[PDB]
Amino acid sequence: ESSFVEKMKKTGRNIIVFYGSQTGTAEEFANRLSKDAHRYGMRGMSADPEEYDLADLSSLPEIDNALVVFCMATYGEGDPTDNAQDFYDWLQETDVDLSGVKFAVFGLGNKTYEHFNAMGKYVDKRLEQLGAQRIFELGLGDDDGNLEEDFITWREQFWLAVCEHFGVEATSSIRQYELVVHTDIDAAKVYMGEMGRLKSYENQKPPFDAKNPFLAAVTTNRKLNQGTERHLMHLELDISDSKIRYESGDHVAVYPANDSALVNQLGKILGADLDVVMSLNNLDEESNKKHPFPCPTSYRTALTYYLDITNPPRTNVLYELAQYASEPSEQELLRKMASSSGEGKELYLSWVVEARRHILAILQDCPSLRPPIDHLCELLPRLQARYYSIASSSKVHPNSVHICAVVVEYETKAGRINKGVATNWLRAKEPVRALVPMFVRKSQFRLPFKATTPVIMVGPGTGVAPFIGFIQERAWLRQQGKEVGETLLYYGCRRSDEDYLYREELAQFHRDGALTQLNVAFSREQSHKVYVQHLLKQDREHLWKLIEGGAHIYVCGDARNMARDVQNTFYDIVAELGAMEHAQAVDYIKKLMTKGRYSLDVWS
């Protein structure tokens, strides 16, 4: 059915929760809200807007007590997720009267970005402009703090508002899927970790994307730093014959595999035979989501390629697990963590989040907790792809995508050693054949259209990644006999003799004349910190001349602190030498952003 309204009528639902999601968080929130409906005598369904036509919103009044909720994540430059693009485009062009429509919006965002929760804000603003009635205030989830707590707090107030407005009242853990063990299946009919189509990893056919990743051979995987302290690496993935295209500035996404050792420990503590092949089937026969991940598959495969077993669990997982803890003290600890406040919340933020306890850690520190592996597989979120800023230029390496990454490994307050999923998996890839499932995601981060336009690149640490590609390209341009403007790199590391990435490559680019200036800040070679913004300030005169002349600024790397400090430094450069007020310099820099002359590729 094309009309979600007709689907709702046919399936007896009065609440529909649409999700704008890229890495599954919004989808999970939408599913959790949909399931909540039953507690109020209502019935809901979650839905991917891309599968429908939101113009059908005007028909919602045909369903009694109809309510629509939107859980929307914001991405690149305050834009909608890919699956919410058509909806976004519709909202911009429509002027339909939505009188009679009742809605609520929960936005997923992160305050370290320039356009915080821009999508949620827009949807909430537009629906009101069109005439719809807001049932509860816009939720502003912030992943820079604790998105989960923002969500359960909003969710609680939301349902209270629903009860008050619709005159309904609140009324044991309900499985969404049922287990079927495939004891006699053909080995060839079993998923072994591929995404989407069965055997798609073995039988590789284009086009390659998120649902059909291209298995690229690792031609190179080399250590970039010295100490055994940290591990920074440079990988080169062969994309020959994939027809995949990219440009410096784009991101490469990879689908990792969890640590075999961690999976084995989970299997043992759960007393489950991980080699058992099974299928989890949706009890709702009318849902397009037939299984929680590719099935049939073994528990080992699911825990290795399909499920997230490392991220500290969200509160609904802990609440559902509580029923399987036989020790009273333990069961109470788990149940309490779903509280939106009080000791339950403090314990969740401290025992789970701050201590970075993953599922095995939780099962180990609550030994009486012994959940059935199949239910656990239904509760855990899907293992997501990780993004890396491509460190190569397609003008120089059209058949290879390079990655510059730092391995994640640290000790927790709970006395454990946590290892980042994608980085440790990538580190273990032996150069030619080791294959990496990947795809390219286009970005707006790009070199200037005119080669003569100067570029100011700021990227300390792994933030230097896209700029290695930028420099390669600018060098290539000069070799093509083209006039290229100044190319400046502001880089930084802790110590020149420990973590100075691409030291020799950058030095050669500078000797060649391709890299006009190589400005490096060594943060730990003095008592006080020396950062890239310190170097930018010292170079204020030249930078202002370039900015005034039309130069493009690029900032890549840490979003929580570096990006903000650097932006503040540029505000000062403009205010001081542009002879304008600080507030005018702020407007100036933000305007450069709208013109594509101040670009960001930051992350946490």
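Numbering starts at 1 and follows the sequence shown.
K.L.:
What does the record say about the segment between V276 and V277: how many deposited residues are without coordinates (none, 1 to 3, 4 to 9, 10 or more)?
P.N.:
Nothing is missing between them.
K.L.:
Between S326 and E327, count the deposited residues left without coordinates and pick a bin: none, 1 to 3, 4 to 9, 10 or more.
P.N.:
Gap between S326 and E327: none, chain continuous.
K.L.:
Regarding 545-553 and 39-47, which shows the higher C-alpha temperature factor on average in the entry?
P.N.:
The deposited B-factors put 39-47 ahead on the C-alpha mean.
K.L.:
Hey, which bit's got the bigger mean C-alpha B factor in the entry, 130-138 or 215-223?
P.N.:
Taking the mean B-factor of the alpha carbons in each, 215-223 is higher.
K.L.:
Could you say which of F208, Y490, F445, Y305 has its CA atom at the highest B factor, as listed in the PDB entry?
P.N.:
Among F208, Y490, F445, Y305, the PDB entry lists the largest C-alpha B-factor for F208.
K.L.:
For the listed residues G420, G481, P292, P256, which one has the largest C-alpha B-factor as given in the deposited model?
P.N.:
Most elevated C-alpha B-factor of the set, per the entry: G481.
K.L.:
By the recorded C-alpha temperature factor, relative to the other modelled residues in its chain, which third is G249 in?
P.N.:
Lowest third of the chain for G249's C-alpha B-factor.
K.L.:
In terms of the chain's CA B-factor thirds, is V532 lowest, middle or highest?
P.N.:
Bottom third by C-alpha B-factor.
K.L.:
State the tercile, meaning the lowest, middle or highest third, of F166 with respect to the CA B-factors recorded for its chain.
P.N.:
Its C-alpha B-factor belongs to the middle third of this chain's values.
K.L.:
Going by the recorded CA B-factors, say which third of the chain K395 sits in, lowest, middle or highest.
P.N.:
Answer is highest: the recorded C-alpha B-factor places it there.
K.L.:
In terms of the CA temperature factor given in the entry, to which third of its chain does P367 belong: lowest, middle or highest?
P.N.:
CA B-factor rank for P367: highest third.
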